[PDB]
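A quick write-up on the structure given underneath.
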Amino acid sequence: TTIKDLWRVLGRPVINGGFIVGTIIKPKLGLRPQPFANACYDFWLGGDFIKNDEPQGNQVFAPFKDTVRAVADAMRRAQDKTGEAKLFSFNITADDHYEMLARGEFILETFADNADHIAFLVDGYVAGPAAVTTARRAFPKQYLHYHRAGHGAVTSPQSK
Amino acid sequence: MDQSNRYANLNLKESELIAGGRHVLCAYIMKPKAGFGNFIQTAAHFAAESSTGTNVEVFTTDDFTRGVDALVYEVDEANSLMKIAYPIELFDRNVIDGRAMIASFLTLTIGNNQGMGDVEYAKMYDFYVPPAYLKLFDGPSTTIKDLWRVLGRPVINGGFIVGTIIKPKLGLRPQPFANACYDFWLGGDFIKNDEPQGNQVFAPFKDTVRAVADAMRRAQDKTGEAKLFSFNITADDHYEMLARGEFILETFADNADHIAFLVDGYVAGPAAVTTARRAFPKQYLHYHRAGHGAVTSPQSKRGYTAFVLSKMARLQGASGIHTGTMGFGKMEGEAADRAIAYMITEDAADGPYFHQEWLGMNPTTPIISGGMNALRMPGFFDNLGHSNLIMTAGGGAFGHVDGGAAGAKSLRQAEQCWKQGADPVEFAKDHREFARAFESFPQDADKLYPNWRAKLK
Amino acid sequence: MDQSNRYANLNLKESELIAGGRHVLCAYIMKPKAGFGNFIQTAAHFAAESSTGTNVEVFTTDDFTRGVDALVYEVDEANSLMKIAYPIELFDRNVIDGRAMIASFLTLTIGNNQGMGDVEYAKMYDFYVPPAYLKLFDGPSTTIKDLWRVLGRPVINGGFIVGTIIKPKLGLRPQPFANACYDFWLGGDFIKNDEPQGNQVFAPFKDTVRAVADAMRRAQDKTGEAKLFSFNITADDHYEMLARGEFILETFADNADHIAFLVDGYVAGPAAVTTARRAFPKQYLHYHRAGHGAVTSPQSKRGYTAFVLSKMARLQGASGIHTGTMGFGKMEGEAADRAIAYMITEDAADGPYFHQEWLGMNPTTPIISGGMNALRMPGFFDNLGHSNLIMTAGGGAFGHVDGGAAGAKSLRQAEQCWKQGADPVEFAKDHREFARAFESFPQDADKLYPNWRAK
Ligand SMILES: O=C(O)[C@@](O)(COP(=O)(O)O)[C@H](O)[C@H](O)COP(=O)(O)O
Ligand SMILES: O=C(O)[C@@](O)(COP(=O)(O)O)[C@H](O)[C@H](O)COP(=O)(O)O
Ligand SMILES: [Mg+2]
Ligand SMILES: [Mg+2]
Ligand SMILES: [Mg+2]
């Protein structure tokens, strides 16, 4: 999957479809499911794409399934209000391959007719290539968003 | 019962329906049966049976239902033409991933309407799929580019893939089967299973797969060139398809990207095509259409055309589909079938009634097969205009008098002649294997090249 | 190229080919195109393209190959008849369990031969399957007995299952859909999804399944009788079919044995039918044949007949298949179609060309549907001779002027009229739901019972 597939969902040209206006839900951690979804809705009134901040998932104060359901409702509301397609990139990173599958399968089923508006975020540097491949091979029709948190430990020019 | 007031709206404009992007359009050639309704009444009942209604009024109908009715928007009784607009909300979607299914498109648009007692016949000639519905289809994941890359060809306009089918259709035991493979691969690129070859008692699947893998490795060592094989993994059982594909990839090992999977998509159905597309997206999916002629033949006034079949196969995710020889081979076909190839390969193309934008959906290769040989190829290519495709010649290769390798070479040379714009008889004087195709198929040579004897001596 | 010396052996005796048990026999109505070969030459080429050959000689052919050639063994050019014997070794088998696949039978016997440039047309009217090949097919695992048992009927000759289809075909949202189910179930037994109903954006699958399960509980509590539902689980993706079926059974819970699974087997194909048969063998498999008319219609001279389709469906494992109304309803059909029902229900039966022994393979129910209503049923049963079947009437139930429940009772009562041997107009004098079906469908009433209003 490539940006072509995001441009197509947005109704843009599939060749040089242009700039995708995005954000990250901030606070990095701390928003409960409904204030999280309220921030999504607000941003989507003027923007295209939202990604989870890299550590957001299934914290005790923002359970994964409740957050996924509130975000799916916010996507429908924002799309109904604006008449424009909206995208979300969900963190499905886990140590356990079966947890990654369980997260991705739940998201696609929940988003239903908006399932092609979903990207899957993987923290590929800390979880490793095995986690990246789990998402690439299990969900090849969903845009795979590689987040590189931790890379700076070796990539910095300060490191030789 | 006259349902034309509900199901016909001839004041709708086709460009507004296309522009709106909320409807699938289908164009049919139809005739009412004698003693029932007129053309519009019959077309209206056809739309009702293809969307929300039945042959009588039901008291459970509400206005929400009426809003998703399929509508007859254009008729031309003189040319037996009927066009229907299907609201895209009617089509079924997967619960697991929200994607489209061709089974739902088929059920509504060419399902029960094919058994109506008040219709003599109705055949779909074209369909339009708007962006909102088009993007929900799988589309191809692997293309000819992936075969060209393995062959060391350019990934854009990589050219002609010289192929064959292992003949006899059935009857070769595993080692004679693999020997024919090896012989052809000394001069050619690609081999496909003949459509029914699989796990017959006399040619067990695992033994054949192992012998073919050894023949691929020996031909590649002998020639220094990459070779391809397309295996039939068709089964009624999904788990048998998986078991066949998994065994092949493991056995071929470092040559696993040289493998294509063949599915008899018309007889096994879209479910079998989707099993291969979704289980093995990194393996070229070769759609074989055995049985299609029962509806696609122009002799049939029912079902759908080969153009419609080919267009659906691209949505389903075939990497390639058999498009026929366009009148140049042994099966039914016409020169005008070149438009089928353009619909499945281009990003934008014209069907008989609708223009289609593919929005970057991957192309489906036209696979040319059916009574082809070296002698018939130049005329075929003149009609199509290119050779960025796979052509398989079973009888044309294994019926060459000097063997499979010579027959493969004869097909390579045929395309080299067409590419150089050469006269085939003159060209033949300097290309033996191609000149020996004249002697292997002397009935084709007398028809296509009269007096080839006097010049080829 | 004339291949008749190899692929035609008209000295073979059909009775010896049957007795040998080593061949599948197919009977076709075939016409050659002009300017090619004569009838036998064309039939021989047809057999070559349907077994071991092509249109030219290939030097890889050996005598072992010649031994598995399909052979033209009988021709009747005057009646355009061609009969071909296929050695059973030709047919593909599963690597995982050694069983047969209908996809291989179809590929060889009615595959590429349907695109031949030298044939005008060729349609299969009958086929014979010997014991050695027959026993390798799945066959049905669930039958009408399993529905009769759930209904509390005798498991032998349990009788007529009163059914409907939820109409509108599409458009009802989940609660309006479930309300129509509840209403019909107050008078009837069985409800099927209309063939395209599934997971439309306006009627999501899980919401509809949950509302229907609540309606089943309410109708069962109200009536004290068991109710059945046949859900469409058709999908291109095998994993979507499993996901739909698994959700339904879990949701219906203690009513899970009241569920049948509907598969659009002609458009989704044999692969979809086998997914349901093998994944859910304890759930009645309802084969819906939408699209079949493109080849089965007598207007077509290609492909195969409805008889051939129905016979294959029994081998595939359909618990039931739509066999049509045999000319009594809105779809194309002939009264002679009663022989289709007998082929799929009996242990031994005659097709147009071949007698078939089923060796105890389970029967497939004839599912009767398509423009049926209470008025048309007596004539239907008189032609068939029995009512041990499922009949679904969508328009016939939901077009009844007094509602779905009354619609259901008119169907029940019209079978009681036929079973009792009563005159339908006299019977209607004492059965109001039946009588009101005459008022609901007055054009059918005027044709079938001329002076019903006076009486
Ligand atoms: O079995 C055969 O006849 C072929 O292998 C061709 O063999 P030959 O080269 O010897 O003729 C193909 O299956 C047909 O081409 C199918 O027709 P189509 O491509 O139209 O679907
Ligand atoms: O959609 C329909 O038309 C039906 O639900 C019948 O509804 P009605 O009762 O309202 O007519 C069935 O699918 C047809 O009977 C199929 O034909 P067949 O059984 O011949 O395959
Ligand atoms: Mg971040
Ligand atoms: Mg073939
Ligand atoms: Mg129906």
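All residue numbers given for chain A refer to Swiss-Prot; the residues shown span 142-301 in order.
Technique stated in the header: X-ray crystallography, 2.0 Å.
The backbone N, Cα and C atoms fix where each Cβ goes, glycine too.
Residues annotated as active site, proton acceptor in Swiss-Prot, with sequence analysis given as evidence: A:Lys167, A:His288. Under the heading Mg(2+) binding site, Swiss-Prot lists A:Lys192, A:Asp194, A:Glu195. Residues or ranges marked as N6-carboxylysine in Swiss-Prot (evidence: sequence analysis): A:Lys192.
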Candidates A:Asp194, A:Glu195, A:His288 (recorded positions) with Cα within 10 Å of A:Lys167 (active site, proton acceptor): A:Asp194
A:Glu195 (Mg(2+) binding site) and A:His288 (active site, proton acceptor), distance between Cα atoms, whole Å: 7
Neighbouring C-beta atoms (10 Å sphere around the C-beta of A:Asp194 (Mg(2+) binding site)): 17
Close-lying recorded positions around ligand 3 among A:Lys167, A:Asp194, A:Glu195, where CB distance stays under 6 Å: A:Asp194, A:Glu195
Filtered A:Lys167, A:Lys192, A:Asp194, A:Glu195, A:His288 - recorded positions with C-beta under 8 A from chain C: none
Output field, Mg(2+) shell: CB within 8 Å of site CB centroid, site A:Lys192, A:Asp194, A:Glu195 dropped: A:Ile165, A:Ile166, A:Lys169, A:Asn193, A:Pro196, A:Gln197, A:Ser230, A:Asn232, A:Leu262, A:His288
Sparsest Cβ surroundings (other CB atoms within 10 Å) among the recorded positions A:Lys167, A:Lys192, A:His288: A:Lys167
Cβ packing number for A:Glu195 (Mg(2+) binding site), 10 Å threshold: 19
Three-state secondary structure, which DSSP defines for A:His288 (active site, proton acceptor): strand
